[PDB]
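S.K.: my_file-v5.pdb (PDB, C-alpha atoms (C1' of nucleotides) and all ligand atoms) pasted underneath:
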```
ATOM      1  CA  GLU A  10     -63.245 -13.185  80.421  1.00  0.00           C
ATOM      2  CA  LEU A  11     -66.654 -14.815  79.973  1.00  0.00           C
ATOM      3  CA  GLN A  12     -66.112 -17.139  77.058  1.00  0.00           C
ATOM      4  CA  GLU A  13     -69.384 -18.593  75.865  1.00  0.00           C
ATOM      5  CA  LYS A  14     -70.372 -21.172  73.310  1.00  0.00           C
ATOM      6  CA  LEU A  15     -73.632 -22.766  72.255  1.00  0.00           C
ATOM      7  CA  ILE A  16     -73.636 -26.551  72.501  1.00  0.00           C
ATOM      8  CA  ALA A  17     -76.904 -27.529  70.841  1.00  0.00           C
ATOM      9  CA  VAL A  18     -79.917 -25.856  69.239  1.00  0.00           C
ATOM     10  CA  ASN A  19     -82.984 -28.043  68.898  1.00  0.00           C
ATOM     11  CA  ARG A  20     -86.415 -27.449  67.382  1.00  0.00           C
ATOM     12  CA  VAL A  21     -89.393 -28.545  69.468  1.00  0.00           C
ATOM     13  CA  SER A  22     -93.061 -28.527  68.613  1.00  0.00           C
ATOM     14  CA  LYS A  23     -96.354 -27.950  70.360  1.00  0.00           C
ATOM     15  CA  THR A  24     -99.689 -29.000  68.885  1.00  0.00           C
ATOM     16  CA  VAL A  25    -102.778 -26.780  68.927  1.00  0.00           C
ATOM     17  CA  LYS A  26    -106.201 -26.728  67.299  1.00  0.00           C
ATOM     18  CA  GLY A  27    -104.699 -24.999  64.294  1.00  0.00           C
ATOM     19  CA  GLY A  28    -101.670 -27.180  63.779  1.00  0.00           C
ATOM     20  CA  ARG A  29     -98.147 -27.394  65.139  1.00  0.00           C
ATOM     21  CA  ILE A  30     -96.288 -24.576  66.878  1.00  0.00           C
ATOM     22  CA  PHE A  31     -92.552 -24.772  66.456  1.00  0.00           C
ATOM     23  CA  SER A  32     -90.019 -23.140  68.731  1.00  0.00           C
ATOM     24  CA  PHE A  33     -86.308 -23.392  69.386  1.00  0.00           C
ATOM     25  CA  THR A  34     -84.315 -24.284  72.486  1.00  0.00           C
ATOM     26  CA  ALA A  35     -80.657 -23.309  72.884  1.00  0.00           C
ATOM     27  CA  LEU A  36     -78.271 -24.879  75.387  1.00  0.00           C
ATOM     28  CA  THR A  37     -75.314 -22.544  75.933  1.00  0.00           C
ATOM     29  CA  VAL A  38     -72.385 -22.560  78.360  1.00  0.00           C
ATOM     30  CA  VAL A  39     -70.301 -19.649  79.621  1.00  0.00           C
ATOM     31  CA  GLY A  40     -67.282 -19.571  81.881  1.00  0.00           C
ATOM     32  CA  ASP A  41     -64.383 -17.411  82.916  1.00  0.00           C
ATOM     33  CA  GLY A  42     -61.534 -19.843  82.233  1.00  0.00           C
ATOM     34  CA  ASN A  43     -60.411 -19.746  85.883  1.00  0.00           C
ATOM     35  CA  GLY A  44     -62.936 -22.102  87.458  1.00  0.00           C
ATOM     36  CA  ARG A  45     -66.334 -20.534  86.920  1.00  0.00           C
ATOM     37  CA  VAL A  46     -68.705 -22.292  84.533  1.00  0.00           C
ATOM     38  CA  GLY A  47     -72.452 -22.001  84.064  1.00  0.00           C
ATOM     39  CA  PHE A  48     -74.915 -23.447  81.568  1.00  0.00           C
ATOM     40  CA  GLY A  49     -78.159 -21.955  80.363  1.00  0.00           C
ATOM     41  CA  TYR A  50     -81.183 -23.311  78.512  1.00  0.00           C
ATOM     42  CA  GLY A  51     -83.250 -20.721  76.645  1.00  0.00           C
ATOM     43  CA  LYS A  52     -86.442 -21.117  74.623  1.00  0.00           C
ATOM     44  CA  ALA A  53     -87.898 -18.757  72.056  1.00  0.00           C
ATOM     45  CA  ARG A  54     -89.800 -18.825  68.797  1.00  0.00           C
ATOM     46  CA  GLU A  55     -86.617 -18.018  66.871  1.00  0.00           C
ATOM     47  CA  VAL A  56     -83.047 -19.198  67.262  1.00  0.00           C
ATOM     48  CA  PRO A  57     -81.246 -15.887  67.979  1.00  0.00           C
ATOM     49  CA  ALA A  58     -83.756 -14.924  70.655  1.00  0.00           C
ATOM     50  CA  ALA A  59     -83.453 -18.392  72.163  1.00  0.00           C
ATOM     51  CA  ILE A  60     -79.666 -18.089  72.232  1.00  0.00           C
ATOM     52  CA  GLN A  61     -79.832 -14.700  73.937  1.00  0.00           C
ATOM     53  CA  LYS A  62     -82.170 -16.047  76.608  1.00  0.00           C
ATOM     54  CA  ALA A  63     -79.852 -19.006  77.138  1.00  0.00           C
ATOM     55  CA  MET A  64     -76.814 -16.740  77.393  1.00  0.00           C
ATOM     56  CA  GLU A  65     -78.444 -14.542  80.027  1.00  0.00           C
ATOM     57  CA  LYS A  66     -79.430 -17.600  82.056  1.00  0.00           C
ATOM     58  CA  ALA A  67     -75.934 -19.082  81.771  1.00  0.00           C
ATOM     59  CA  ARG A  68     -74.229 -15.817  82.738  1.00  0.00           C
ATOM     60  CA  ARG A  69     -76.246 -15.892  85.903  1.00  0.00           C
ATOM     61  CA  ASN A  70     -76.161 -18.960  88.174  1.00  0.00           C
ATOM     62  CA  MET A  71     -72.534 -19.855  87.532  1.00  0.00           C
ATOM     63  CA  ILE A  72     -70.587 -22.127  89.906  1.00  0.00           C
ATOM     64  CA  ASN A  73     -66.991 -22.195  91.136  1.00  0.00           C
ATOM     65  CA  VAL A  74     -64.742 -25.192  90.464  1.00  0.00           C
ATOM     66  CA  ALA A  75     -61.495 -26.100  92.239  1.00  0.00           C
ATOM     67  CA  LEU A  76     -58.953 -26.378  89.435  1.00  0.00           C
ATOM     68  CA  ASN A  77     -55.413 -27.581  90.062  1.00  0.00           C
ATOM     69  CA  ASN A  78     -53.038 -26.012  87.533  1.00  0.00           C
ATOM     70  CA  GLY A  79     -55.487 -26.079  84.670  1.00  0.00           C
ATOM     71  CA  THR A  80     -56.577 -29.671  85.259  1.00  0.00           C
ATOM     72  CA  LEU A  81     -58.927 -31.686  87.428  1.00  0.00           C
ATOM     73  CA  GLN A  82     -58.249 -32.200  91.097  1.00  0.00           C
ATOM     74  CA  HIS A  83     -58.978 -35.944  91.160  1.00  0.00           C
ATOM     75  CA  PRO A  84     -60.887 -38.448  89.013  1.00  0.00           C
ATOM     76  CA  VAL A  85     -64.567 -37.611  89.361  1.00  0.00           C
ATOM     77  CA  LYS A  86     -67.810 -39.296  88.311  1.00  0.00           C
ATOM     78  CA  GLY A  87     -71.052 -37.436  87.798  1.00  0.00           C
ATOM     79  CA  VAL A  88     -74.645 -38.402  87.108  1.00  0.00           C
ATOM     80  CA  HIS A  89     -77.735 -36.543  85.925  1.00  0.00           C
ATOM     81  CA  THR A  90     -80.605 -38.641  85.255  1.00  0.00           C
ATOM     82  CA  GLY A  91     -79.594 -40.611  82.159  1.00  0.00           C
ATOM     83  CA  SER A  92     -76.163 -39.013  81.694  1.00  0.00           C
ATOM     84  CA  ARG A  93     -73.443 -40.706  83.738  1.00  0.00           C
ATOM     85  CA  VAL A  94     -70.070 -39.112  83.104  1.00  0.00           C
ATOM     86  CA  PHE A  95     -66.458 -39.913  83.994  1.00  0.00           C
ATOM     87  CA  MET A  96     -63.601 -37.426  83.890  1.00  0.00           C
ATOM     88  CA  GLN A  97     -59.981 -37.872  84.900  1.00  0.00           C
ATOM     89  CA  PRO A  98     -57.061 -35.430  85.260  1.00  0.00           C
ATOM     90  CA  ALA A  99     -54.269 -35.850  82.747  1.00  0.00           C
ATOM     91  CA  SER A 100     -50.698 -34.749  82.146  1.00  0.00           C
ATOM     92  CA  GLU A 101     -49.965 -31.313  80.723  1.00  0.00           C
ATOM     93  CA  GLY A 102     -50.212 -31.482  76.948  1.00  0.00           C
ATOM     94  CA  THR A 103     -52.930 -34.127  76.826  1.00  0.00           C
ATOM     95  CA  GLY A 104     -55.567 -31.630  75.723  1.00  0.00           C
ATOM     96  CA  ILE A 105     -59.288 -32.004  76.318  1.00  0.00           C
ATOM     97  CA  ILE A 106     -60.170 -35.597  75.377  1.00  0.00           C
ATOM     98  CA  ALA A 107     -63.904 -35.125  75.778  1.00  0.00           C
ATOM     99  CA  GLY A 108     -67.118 -35.631  73.828  1.00  0.00           C
ATOM    100  CA  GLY A 109     -69.162 -32.828  72.359  1.00  0.00           C
ATOM    101  CA  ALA A 110     -71.166 -31.095  75.081  1.00  0.00           C
ATOM    102  CA  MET A 111     -68.567 -32.273  77.549  1.00  0.00           C
ATOM    103  CA  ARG A 112     -65.726 -30.686  75.579  1.00  0.00           C
ATOM    104  CA  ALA A 113     -67.557 -27.361  75.439  1.00  0.00           C
ATOM    105  CA  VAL A 114     -68.346 -27.287  79.151  1.00  0.00           C
ATOM    106  CA  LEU A 115     -64.805 -28.223  80.134  1.00  0.00           C
ATOM    107  CA  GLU A 116     -63.226 -25.698  77.773  1.00  0.00           C
ATOM    108  CA  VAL A 117     -65.258 -22.742  78.969  1.00  0.00           C
ATOM    109  CA  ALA A 118     -64.690 -23.867  82.560  1.00  0.00           C
ATOM    110  CA  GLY A 119     -60.957 -23.599  81.935  1.00  0.00           C
ATOM    111  CA  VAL A 120     -59.673 -27.170  82.195  1.00  0.00           C
ATOM    112  CA  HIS A 121     -56.869 -27.608  79.666  1.00  0.00           C
ATOM    113  CA  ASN A 122     -55.937 -31.266  80.287  1.00  0.00           C
ATOM    114  CA  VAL A 123     -58.686 -33.822  80.878  1.00  0.00           C
ATOM    115  CA  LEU A 124     -59.682 -37.346  79.882  1.00  0.00           C
ATOM    116  CA  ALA A 125     -63.463 -37.646  79.771  1.00  0.00           C
ATOM    117  CA  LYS A 126     -66.092 -40.120  78.670  1.00  0.00           C
ATOM    118  CA  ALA A 127     -69.894 -39.815  78.678  1.00  0.00           C
ATOM    119  CA  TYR A 128     -71.553 -43.107  79.561  1.00  0.00           C
ATOM    120  CA  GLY A 129     -75.281 -43.669  79.524  1.00  0.00           C
ATOM    121  CA  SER A 130     -77.404 -41.217  77.594  1.00  0.00           C
ATOM    122  CA  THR A 131     -75.546 -38.549  75.640  1.00  0.00           C
ATOM    123  CA  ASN A 132     -78.393 -36.072  75.584  1.00  0.00           C
ATOM    124  CA  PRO A 133     -76.550 -32.706  75.527  1.00  0.00           C
ATOM    125  CA  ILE A 134     -78.517 -30.916  78.259  1.00  0.00           C
ATOM    126  CA  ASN A 135     -78.384 -33.810  80.699  1.00  0.00           C
ATOM    127  CA  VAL A 136     -74.730 -34.496  79.911  1.00  0.00           C
ATOM    128  CA  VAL A 137     -73.822 -30.866  80.540  1.00  0.00           C
ATOM    129  CA  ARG A 138     -75.778 -30.931  83.776  1.00  0.00           C
ATOM    130  CA  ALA A 139     -73.892 -34.066  84.851  1.00  0.00           C
ATOM    131  CA  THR A 140     -70.501 -32.573  84.032  1.00  0.00           C
ATOM    132  CA  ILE A 141     -71.213 -29.340  85.898  1.00  0.00           C
ATOM    133  CA  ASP A 142     -72.384 -31.309  88.929  1.00  0.00           C
ATOM    134  CA  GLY A 143     -69.245 -33.445  88.893  1.00  0.00           C
ATOM    135  CA  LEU A 144     -66.975 -30.430  88.527  1.00  0.00           C
ATOM    136  CA  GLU A 145     -68.774 -28.628  91.341  1.00  0.00           C
ATOM    137  CA  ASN A 146     -68.507 -31.500  93.807  1.00  0.00           C
ATOM    138  CA  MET A 147     -64.777 -32.103  93.118  1.00  0.00           C
ATOM    139  CA  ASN A 148     -62.893 -30.768  96.155  1.00  0.00           C
ATOM    140  CA  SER A 149     -59.294 -29.578  96.417  1.00  0.00           C
ATOM    141  CA  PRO A 150     -56.588 -30.569  98.919  1.00  0.00           C
ATOM    142  CA  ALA A 151     -57.081 -27.374 100.904  1.00  0.00           C
ATOM    143  CA  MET A 152     -60.731 -28.390 101.216  1.00  0.00           C
ATOM    144  CA  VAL A 153     -59.865 -31.902 102.383  1.00  0.00           C
ATOM    145  CA  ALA A 154     -57.363 -30.467 104.865  1.00  0.00           C
ATOM    146  CA  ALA A 155     -60.015 -28.127 106.232  1.00  0.00           C
ATOM    147  CA  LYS A 156     -62.544 -30.951 106.585  1.00  0.00           C
ATOM    148  CA  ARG A 157     -60.271 -33.466 108.280  1.00  0.00           C
ATOM    149  CA  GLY A 158     -58.597 -30.961 110.598  1.00  0.00           C
ATOM    150  CA  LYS A 159     -55.054 -31.363 109.353  1.00  0.00           C
ATOM    151  CA  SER A 160     -52.515 -29.461 107.344  1.00  0.00           C
ATOM    152  CA  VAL A 161     -52.419 -29.873 103.602  1.00  0.00           C
ATOM    153  CA  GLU A 162     -48.867 -31.173 104.019  1.00  0.00           C
ATOM    154  CA  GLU A 163     -50.023 -34.033 106.260  1.00  0.00           C
ATOM    155  CA  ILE A 164     -52.471 -35.167 103.567  1.00  0.00           C
ATOM    156  CA  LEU A 165     -50.488 -34.361 100.405  1.00  0.00           C
TER     157      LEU A 165
ATOM    158  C1'   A B   1     -31.271 -40.800  82.372  1.00  0.00           C
ATOM    159  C1'   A B   2     -35.632 -42.915  79.511  1.00  0.00           C
ATOM    160  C1'   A B   3     -39.085 -47.255  78.264  1.00  0.00           C
ATOM    161  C1'   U B   4     -47.973 -46.975  80.100  1.00  0.00           C
ATOM    162  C1'   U B   5     -48.712 -39.457  77.905  1.00  0.00           C
ATOM    163  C1'   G B   6     -54.169 -42.835  78.716  1.00  0.00           C
ATOM    164  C1'   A B   7     -60.419 -43.097  77.496  1.00  0.00           C
ATOM    165  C1'   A B   8     -64.591 -37.933  71.958  1.00  0.00           C
ATOM    166  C1'   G B   9     -69.053 -39.217  69.607  1.00  0.00           C
ATOM    167  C1'   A B  10     -73.002 -38.890  65.550  1.00  0.00           C
ATOM    168  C1'   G B  11     -77.600 -40.377  62.616  1.00  0.00           C
ATOM    169  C1'   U B  12     -82.142 -43.146  63.219  1.00  0.00           C
ATOM    170  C1'   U B  13     -88.728 -44.651  66.925  1.00  0.00           C
ATOM    171  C1'   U B  14     -92.026 -39.289  68.543  1.00  0.00           C
ATOM    172  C1'   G B  15     -96.371 -33.734  66.645  1.00  0.00           C
ATOM    173  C1'   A B  16     -92.493 -32.738  70.302  1.00  0.00           C
ATOM    174  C1'   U B  17     -89.855 -34.822  75.094  1.00  0.00           C
ATOM    175  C1'   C B  18     -86.969 -37.828  78.321  1.00  0.00           C
ATOM    176  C1'   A B  19     -85.568 -43.031  79.006  1.00  0.00           C
ATOM    177  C1'   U B  20     -84.871 -47.955  77.286  1.00  0.00           C
ATOM    178  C1'   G B  21     -83.244 -50.398  73.161  1.00  0.00           C
ATOM    179  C1'   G B  22     -81.485 -52.230  68.622  1.00  0.00           C
ATOM    180  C1'   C B  23     -79.580 -50.943  63.500  1.00  0.00           C
ATOM    181  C1'   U B  24     -76.046 -47.688  60.872  1.00  0.00           C
ATOM    182  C1'   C B  25     -71.623 -44.362  60.536  1.00  0.00           C
ATOM    183  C1'   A B  26     -66.884 -41.869  61.716  1.00  0.00           C
ATOM    184  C1'   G B  27     -60.887 -45.341  63.253  1.00  0.00           C
ATOM    185  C1'   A B  28     -57.322 -48.968  62.786  1.00  0.00           C
ATOM    186  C1'   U B  29     -55.967 -53.414  60.152  1.00  0.00           C
ATOM    187  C1'   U B  30     -55.421 -57.663  55.917  1.00  0.00           C
ATOM    188  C1'   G B  31     -51.646 -63.483  52.851  1.00  0.00           C
ATOM    189  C1'   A B  32     -57.004 -59.986  50.545  1.00  0.00           C
ATOM    190  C1'   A B  33     -60.255 -59.918  45.807  1.00  0.00           C
ATOM    191  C1'   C B  34     -62.956 -57.004  42.065  1.00  0.00           C
ATOM    192  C1'   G B  35     -63.705 -52.015  39.143  1.00  0.00           C
ATOM    193  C1'   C B  36     -61.202 -47.616  37.079  1.00  0.00           C
ATOM    194  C1'   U B  37     -56.336 -46.062  36.419  1.00  0.00           C
ATOM    195  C1'   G B  38     -51.064 -46.615  36.473  1.00  0.00           C
ATOM    196  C1'   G B  39     -43.965 -43.444  35.982  1.00  0.00           C
ATOM    197  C1'   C B  40     -39.643 -45.087  39.035  1.00  0.00           C
ATOM    198  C1'   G B  41     -37.068 -47.202  43.062  1.00  0.00           C
ATOM    199  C1'   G B  42     -36.010 -49.612  48.151  1.00  0.00           C
ATOM    200  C1'   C B  43     -37.663 -53.426  51.806  1.00  0.00           C
ATOM    201  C1'   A B  44     -41.075 -57.252  52.656  1.00  0.00           C
ATOM    202  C1'   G B  45     -45.065 -60.604  50.960  1.00  0.00           C
ATOM    203  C1'   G B  46     -47.274 -63.956  47.199  1.00  0.00           C
ATOM    204  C1'   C B  47     -52.619 -71.578  46.678  1.00  0.00           C
ATOM    205  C1'   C B  48     -56.182 -68.834  52.627  1.00  0.00           C
ATOM    206  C1'   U B  49     -59.737 -73.214  48.133  1.00  0.00           C
ATOM    207  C1'   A B  50     -58.642 -79.540  46.141  1.00  0.00           C
ATOM    208  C1'   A B  51     -53.949 -83.279  52.629  1.00  0.00           C
ATOM    209  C1'   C B  52     -57.163 -82.732  44.446  1.00  0.00           C
ATOM    210  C1'   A B  53     -54.495 -85.544  40.235  1.00  0.00           C
ATOM    211  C1'   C B  54     -49.669 -84.913  38.587  1.00  0.00           C
ATOM    212  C1'   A B  55     -46.164 -84.615  32.195  1.00  0.00           C
ATOM    213  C1'   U B  56     -40.760 -82.829  32.487  1.00  0.00           C
ATOM    214  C1'   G B  57     -36.144 -81.190  34.722  1.00  0.00           C
ATOM    215  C1'   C B  58     -33.535 -80.831  39.201  1.00  0.00           C
ATOM    216  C1'   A B  59     -33.901 -81.194  45.425  1.00  0.00           C
ATOM    217  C1'   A B  60     -27.967 -86.482  48.626  1.00  0.00           C
ATOM    218  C1'   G B  61     -24.048 -87.578  48.057  1.00  0.00           C
ATOM    219  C1'   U B  62     -19.102 -88.389  49.060  1.00  0.00           C
ATOM    220  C1'   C B  63     -14.185 -90.839  50.401  1.00  0.00           C
ATOM    221  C1'   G B  64      -8.633 -94.089  46.030  1.00  0.00           C
ATOM    222  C1'   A B  65      -5.365 -91.356  52.863  1.00  0.00           C
ATOM    223  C1'   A B  66     -10.423 -98.656  54.039  1.00  0.00           C
ATOM    224  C1'   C B  67     -10.246-102.554  49.766  1.00  0.00           C
ATOM    225  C1'   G B  68      -9.698-105.668  45.303  1.00  0.00           C
ATOM    226  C1'   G B  69      -9.180-103.079  40.892  1.00  0.00           C
ATOM    227  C1'   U B  70      -8.825-100.377  35.670  1.00  0.00           C
ATOM    228  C1'   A B  71     -14.356 -99.260  32.024  1.00  0.00           C
ATOM    229  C1'   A B  72     -12.278 -94.659  30.400  1.00  0.00           C
ATOM    230  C1'   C B  73      -9.198 -90.743  30.062  1.00  0.00           C
ATOM    231  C1'   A B  74      -4.005 -88.135  30.688  1.00  0.00           C
ATOM    232  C1'   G B  75       0.624 -89.214  30.628  1.00  0.00           C
ATOM    233  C1'   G B  76       5.057 -91.641  30.582  1.00  0.00           C
ATOM    234  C1'   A B  77       7.899 -96.491  30.162  1.00  0.00           C
ATOM    235  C1'   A B  78       9.327-101.458  27.400  1.00  0.00           C
ATOM    236  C1'   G B  79       8.611-103.591  22.400  1.00  0.00           C
ATOM    237  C1'   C B  80       8.671-101.690  18.318  1.00  0.00           C
ATOM    238  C1'   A B  81       7.635-100.082  12.260  1.00  0.00           C
ATOM    239  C1'   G B  82       8.138 -94.792   8.607  1.00  0.00           C
TER     240        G B  82
HETATM  241 MG    MG A 201     -53.132 -75.007  51.575  1.00  0.00          MG
END
```
Written as structure tokens, that's how I'd like the structure from this file.
M.R.:
Amino acid sequence: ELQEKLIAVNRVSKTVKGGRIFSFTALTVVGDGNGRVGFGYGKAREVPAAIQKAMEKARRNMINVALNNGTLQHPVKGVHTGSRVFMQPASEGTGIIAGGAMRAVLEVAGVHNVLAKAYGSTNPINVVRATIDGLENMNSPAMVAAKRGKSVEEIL
RNA sequence: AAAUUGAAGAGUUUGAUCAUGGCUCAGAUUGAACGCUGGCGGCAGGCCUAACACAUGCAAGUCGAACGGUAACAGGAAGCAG
């Protein structure tokens, strides 16, 4: 029912004639726990405002994910520029074995049993982007059946 | 019947950013040592260095059913003296 959680809040600076201008960026992630997950990156002069902006962004532009019984559909890799991510379905009771950002994104998405690792850069925004991309691309057996022109029973 | 149920990151370069890239940390372990402290038990372990030098005691004897035998001991026998 739209569970949301803020991964990282980071202070960034701009320089002007006067001096430095600080502002805050908030990376949040929302999801319905049934497949839908979406991340948002808001910027404002103060943290709460930034978070609100991020939340609105995340709530819009969500994406559907094919989940098989609260777990992944197959082992999937994902990249986004520096962040290359691996995530593998695991037996019921394994829990989310996943990094920071990754854990958040998976949890809001609704995966209950995963084995993840973040290779490459572990920059939260890029890592979240990578995970969402991987989750999105991951197809289900009904999808493969549709593509190949067979029944799901012939493929298994 | 069961005996692979298995994979987490963080700090640190920049006014800020992403990347590269090192350093550091979170875990487990030990024939450990040192500091402070210290009640009991169970089960293990205990010269990693000088294969350096070694006082002293012990760590390989046994068989008389292989053999001459009796140093003893322990006993009887024969000779005896009270
Ligand atoms: Mg030695």
S.K.: Mind running chain B against ligand MG 201 (chain A) at 8 Å and telling me each contacting residue's nearest atom pair with the distance in Å (one decimal), counting all atoms listed in the file, chain and number ascending, as a Markdown table?
M.R.:
```
| residue | atom | partner | partner_atom | distance |
| --- | --- | --- | --- | --- |
| B:47 | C1' | A:MG201 | MG | 6.0 |
| B:48 | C1' | A:MG201 | MG | 7.0 |
| B:49 | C1' | A:MG201 | MG | 7.7 |
```
S.K.: Next, the residues of the selection above should be written as a PDB file, keeping the file's coordinate frame with C-alpha atoms (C1' of nucleotides).
M.R.:
```
ATOM      1  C1'   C B  47     -52.619 -71.578  46.678  1.00  0.00           C
ATOM      2  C1'   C B  48     -56.182 -68.834  52.627  1.00  0.00           C
ATOM      3  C1'   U B  49     -59.737 -73.214  48.133  1.00  0.00           C
TER       4        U B  49
END
```
S.K.: Given the PyMOL selection byres ((chain A and not hetatm) within 6 of (chain B)) and the file above, list the residues it selects as a PyMOL selection string.
M.R.: chain A and resi 21-22+107-108
S.K.: Looking at A:99, A:35, A:94, A:30, which one is nearest to residue 129 (chain A), with distances taken over only C-alpha atoms?
M.R.: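 Distance minimum relative to residue 129 (chain A) lands on A:94.
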S.K.: Name the residues captured by the PyMOL selection byres (((chain A and resi 151) around 10) and not hetatm) when it is applied to the shown file; answer as a tab-separated table (two decimals) with C-alpha atoms, in the coordinates of the input.
M.R.:
```
chain	number	residue	atom	x	y	z
A	75	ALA	CA	-61.50	-26.10	92.24
A	148	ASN	CA	-62.89	-30.77	96.16
A	149	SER	CA	-59.29	-29.58	96.42
A	150	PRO	CA	-56.59	-30.57	98.92
A	152	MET	CA	-60.73	-28.39	101.22
A	153	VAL	CA	-59.86	-31.90	102.38
A	154	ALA	CA	-57.36	-30.47	104.86
A	155	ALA	CA	-60.02	-28.13	106.23
A	156	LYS	CA	-62.54	-30.95	106.58
A	159	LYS	CA	-55.05	-31.36	109.35
A	160	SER	CA	-52.52	-29.46	107.34
A	161	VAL	CA	-52.42	-29.87	103.60
A	162	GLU	CA	-48.87	-31.17	104.02
A	164	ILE	CA	-52.47	-35.17	103.57
A	165	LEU	CA	-50.49	-34.36	100.40
```
S.K.: For CA of residue 20 (chain A) and CA of residue 55 (chain A), determine how far apart the two atoms are, in Å to one decimal place.
M.R.: 9.4 Å
S.K.: To one decimal place, how far is CA of residue 141 (chain A) from CA of residue 40 (chain A) in Å?
M.R.: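 Here the two named atoms are 11.3 Å from each other.
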S.K.: Here is a test: counting only C-alpha atoms, which residue of A:144, A:32, A:97, A:102 is nearest to residue 58 (chain A)?
M.R.: A:32
S.K.: Could you tell me which residues the PyMOL selection byres (((chain A and resi 140) around 9) and not hetatm) returns for this structure, as a VMD selection string?
M.R.: chain A and resid 86 to 89 92 to 96 111 114 to 115 135 to 139 141 to 145
S.K.: At what distance in Å, to one decimal, does CA of residue 116 (chain A) lie from CA of residue 80 (chain A)?
M.R.: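 According to the coordinates, CA of residue 80 (chain A) and CA of residue 116 (chain A) are separated by 10.8 Å.
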S.K.: Generate the missing atoms of region 145-158 of chain A up to N, CA, C and O atoms and report them as a PDB file, keeping the file's coordinate frame.
M.R.:
```pdb
ATOM      1  N   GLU A 145     -68.458 -29.372  90.132  1.00  0.00           N
ATOM      2  CA  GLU A 145     -68.774 -28.628  91.341  1.00  0.00           C
ATOM      3  C   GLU A 145     -68.360 -29.426  92.565  1.00  0.00           C
ATOM      4  O   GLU A 145     -67.719 -28.898  93.478  1.00  0.00           O
ATOM      5  N   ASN A 146     -68.736 -30.706  92.604  1.00  0.00           N
ATOM      6  CA  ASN A 146     -68.507 -31.500  93.807  1.00  0.00           C
ATOM      7  C   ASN A 146     -67.014 -31.689  94.067  1.00  0.00           C
ATOM      8  O   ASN A 146     -66.578 -31.660  95.222  1.00  0.00           O
ATOM      9  N   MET A 147     -66.225 -31.915  93.014  1.00  0.00           N
ATOM     10  CA  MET A 147     -64.777 -32.103  93.118  1.00  0.00           C
ATOM     11  C   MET A 147     -64.101 -31.095  94.037  1.00  0.00           C
ATOM     12  O   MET A 147     -64.024 -29.906  93.718  1.00  0.00           O
ATOM     13  N   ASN A 148     -63.604 -31.573  95.175  1.00  0.00           N
ATOM     14  CA  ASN A 148     -62.893 -30.768  96.155  1.00  0.00           C
ATOM     15  C   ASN A 148     -61.386 -30.796  95.950  1.00  0.00           C
ATOM     16  O   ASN A 148     -60.831 -31.709  95.341  1.00  0.00           O
ATOM     17  N   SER A 149     -60.732 -29.770  96.476  1.00  0.00           N
ATOM     18  CA  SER A 149     -59.294 -29.578  96.417  1.00  0.00           C
ATOM     19  C   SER A 149     -58.618 -30.095  97.683  1.00  0.00           C
ATOM     20  O   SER A 149     -59.276 -30.427  98.677  1.00  0.00           O
ATOM     21  N   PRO A 150     -57.280 -30.125  97.704  1.00  0.00           N
ATOM     22  CA  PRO A 150     -56.588 -30.569  98.919  1.00  0.00           C
ATOM     23  C   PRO A 150     -56.740 -29.613 100.077  1.00  0.00           C
ATOM     24  O   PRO A 150     -56.784 -30.065 101.223  1.00  0.00           O
ATOM     25  N   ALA A 151     -56.792 -28.306  99.825  1.00  0.00           N
ATOM     26  CA  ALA A 151     -57.081 -27.374 100.904  1.00  0.00           C
ATOM     27  C   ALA A 151     -58.434 -27.674 101.528  1.00  0.00           C
ATOM     28  O   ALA A 151     -58.592 -27.610 102.753  1.00  0.00           O
ATOM     29  N   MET A 152     -59.418 -28.025 100.700  1.00  0.00           N
ATOM     30  CA  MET A 152     -60.731 -28.390 101.216  1.00  0.00           C
ATOM     31  C   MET A 152     -60.654 -29.642 102.078  1.00  0.00           C
ATOM     32  O   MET A 152     -61.248 -29.701 103.158  1.00  0.00           O
ATOM     33  N   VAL A 153     -59.955 -30.673 101.599  1.00  0.00           N
ATOM     34  CA  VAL A 153     -59.865 -31.902 102.383  1.00  0.00           C
ATOM     35  C   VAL A 153     -59.145 -31.640 103.697  1.00  0.00           C
ATOM     36  O   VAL A 153     -59.531 -32.159 104.753  1.00  0.00           O
ATOM     37  N   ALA A 154     -58.080 -30.840 103.651  1.00  0.00           N
ATOM     38  CA  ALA A 154     -57.363 -30.467 104.865  1.00  0.00           C
ATOM     39  C   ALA A 154     -58.289 -29.778 105.850  1.00  0.00           C
ATOM     40  O   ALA A 154     -58.290 -30.090 107.043  1.00  0.00           O
ATOM     41  N   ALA A 155     -59.074 -28.817 105.365  1.00  0.00           N
ATOM     42  CA  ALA A 155     -60.015 -28.127 106.232  1.00  0.00           C
ATOM     43  C   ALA A 155     -60.991 -29.108 106.865  1.00  0.00           C
ATOM     44  O   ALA A 155     -61.233 -29.065 108.075  1.00  0.00           O
ATOM     45  N   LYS A 156     -61.550 -30.016 106.063  1.00  0.00           N
ATOM     46  CA  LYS A 156     -62.544 -30.951 106.585  1.00  0.00           C
ATOM     47  C   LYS A 156     -61.956 -31.854 107.659  1.00  0.00           C
ATOM     48  O   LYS A 156     -62.528 -31.999 108.745  1.00  0.00           O
ATOM     49  N   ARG A 157     -60.797 -32.442 107.389  1.00  0.00           N
ATOM     50  CA  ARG A 157     -60.271 -33.466 108.280  1.00  0.00           C
ATOM     51  C   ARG A 157     -59.515 -32.894 109.466  1.00  0.00           C
ATOM     52  O   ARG A 157     -59.151 -33.649 110.371  1.00  0.00           O
ATOM     53  N   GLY A 158     -59.261 -31.594 109.480  1.00  0.00           N
ATOM     54  CA  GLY A 158     -58.597 -30.961 110.598  1.00  0.00           C
ATOM     55  C   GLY A 158     -57.132 -31.316 110.620  1.00  0.00           C
ATOM     56  O   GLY A 158     -56.592 -31.749 111.641  1.00  0.00           O
TER      57      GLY A 158
END
```
